[PDB]
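Included below are structure tokens for two forms of one protein chain, each presented in isolation as structure 1 and structure 2.
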Structure 1
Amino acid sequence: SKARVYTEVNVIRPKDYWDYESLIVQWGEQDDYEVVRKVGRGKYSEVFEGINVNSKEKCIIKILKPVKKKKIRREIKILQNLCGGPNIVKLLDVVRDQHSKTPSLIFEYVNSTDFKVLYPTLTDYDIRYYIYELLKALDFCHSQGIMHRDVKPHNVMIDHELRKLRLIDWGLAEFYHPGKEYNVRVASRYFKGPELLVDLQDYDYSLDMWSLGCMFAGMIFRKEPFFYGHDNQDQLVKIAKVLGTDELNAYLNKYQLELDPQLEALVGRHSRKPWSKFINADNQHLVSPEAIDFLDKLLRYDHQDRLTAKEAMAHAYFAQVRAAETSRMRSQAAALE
């Protein structure tokens, strides 16, 4: 298997671009940034709100807990390659405790609510807008040869007042090289794609589109998580109880995969359920025909058959969002002129 798009990015660009393990980190002055208060509760790192000592502009400080030195360089290299991209969190500096070399990542300040806490309050239209803005980030990083591999509500930070969205936490992100077999121990359980659950290791950018589909389903159907598995095996069961096992078997047969008998026993056999099954009077206002067609084209076993980020942005579901952005920019230009 090879990606349908952006296949050759890392063949066109030089070794220095994707060879993170050889990264030369020009660290900054740790003294330039002062921590203010803790925030994050994670096992990979600790997050603090901070300030630049001089400019006094706020910032986010992410101290990377003990991890393979290679995981530190991977996250920094990816953040550097994506720096400046649409809706990518902006890495401003990297410093380290100059006696233990414990790295800290300095990001732009993110005055945001978490997607998980925000979307229950959002209108149909604002869900389209923020999904669209998230697609902009994913198309950009895919176009730069990078898979995020941990798309989920916690990693989407939104300042709803300013309508700004940022895709954060690039600690699991990886460079896409065609033909390469990757570790499947990525993404969070509820957002893991079937490829991870059946051990299809030569996956690609389309993994992120499955995860986006899971988020989207949970939002428009007001069911969080949409696929609520109790472990990685049950996660595939929960998917198969919606998408059906015929399409699963066709997918396994196409990529010459076999499930362990223990897992096949749990999956059993299940009919495909129509997306309308999840519509109720309480989520009806979020589930248009266009939403279902869009969702149906994301949540497919076959990663090759899912929409790319670019194709997703072009779906009719975002027709009004696209018209708003076209109009906004044309007006901004005239105001400047």
Structure 2
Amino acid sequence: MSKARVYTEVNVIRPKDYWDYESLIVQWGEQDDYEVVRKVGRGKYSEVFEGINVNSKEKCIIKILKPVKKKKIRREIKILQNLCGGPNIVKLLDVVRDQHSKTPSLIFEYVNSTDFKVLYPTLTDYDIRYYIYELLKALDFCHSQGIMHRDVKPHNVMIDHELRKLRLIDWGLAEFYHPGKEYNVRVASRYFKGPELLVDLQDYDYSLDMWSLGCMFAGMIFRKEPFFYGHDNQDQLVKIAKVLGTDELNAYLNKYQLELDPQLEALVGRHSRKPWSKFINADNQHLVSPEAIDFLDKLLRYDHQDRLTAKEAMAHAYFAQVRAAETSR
């Protein structure tokens, strides 16, 4: 079976209580301590509000969970607790539930974000480098803690642009990496699904997040959102194969002893690899450098084992100036 290149044994060496989220005994706080103020966003599994702690008067984020199995809620809480206070990770403060409806809410430290549909079209070259580097800090940290996010996308990256603060949010799809485990492939969101999810390679690992990051990065530097625009999970692989080419897909399927369903094989067809330079135009040229292309190229590989790790990405020349600005302090 496939195994992670890095952080392979993190959860083998940690005690069972670290990763056994199903056994979690949730310590419920006071539902009355937090009041909603205004709605911030919506999702398939929750609605997110700006709130206030009525005692301290501090602002918070209140995430009200739609009905889901207890095991899934315990998974998100356990992971949030295990990552609490890590770099650029959203910070869980409290867990409460309504005593009549039993609906649970997760309480987070407040983040004053700007929606990516407004922010990304105004991001400069340096800000793309800065924010992707900040996101890589979050991914290297959570991966080092034995956790895959499995839903990296612009909506789950809250950026406070005036403070230049970034938080990786919504850990409701995240899982613990266990070497040798076959995971559910119905994770992430369509446009950011790695080829492993689309070809039924279940023994995937942290590198799934690095594919999703590459999709985000491509969307930013080419001003093409989303970059891989599929209309369903099968079409999503078609859109990928029309860019990366089918030769390396076929090699990938052979290496892992996979074959496409005949219905999917007909859709994928045969395609040459398209050079990244084909996506440059006058409107986005100021964001595309040789270094940006090389970095993107090393993220978007069919073979998850060939993708940069978060640490390798941070070391790429594309971030040279960001690292220097950070080193100076």
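Here, a residue number simply tells you its place in the sequence of structure 1, counted from 1. The term rigid core refers to the most C-alpha atoms you can superpose between the two forms while keeping them within 1.5 Å.
Among the candidates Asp114, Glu181, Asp124, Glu247, displacement between the two structures reaches 2 angstroms at the C-alpha for one position only, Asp114 (superposition on the rigid core). Fitting the two forms on the rigid core leaves the C-alpha of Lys58 displaced by under 2 angstroms between the two structures. After superposition on the rigid core, the Cα of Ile279 moves by less than 2 Å between the two structures.
Relative to the superposed rigid core, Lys70 undergoes a CA displacement smaller than 2 Å between the two structures. Relative displacement of the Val156 Cα between the two structures on rigid core alignment is 0.3 Å.
Once the core is aligned between the two structures, the alpha carbon position of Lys43 differs by 2.5 Å; this is the C-alpha shift at that site.
Superposing the two forms on their core, we find that the Cα atom of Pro103 is displaced by 1.1 Å between the two structures.
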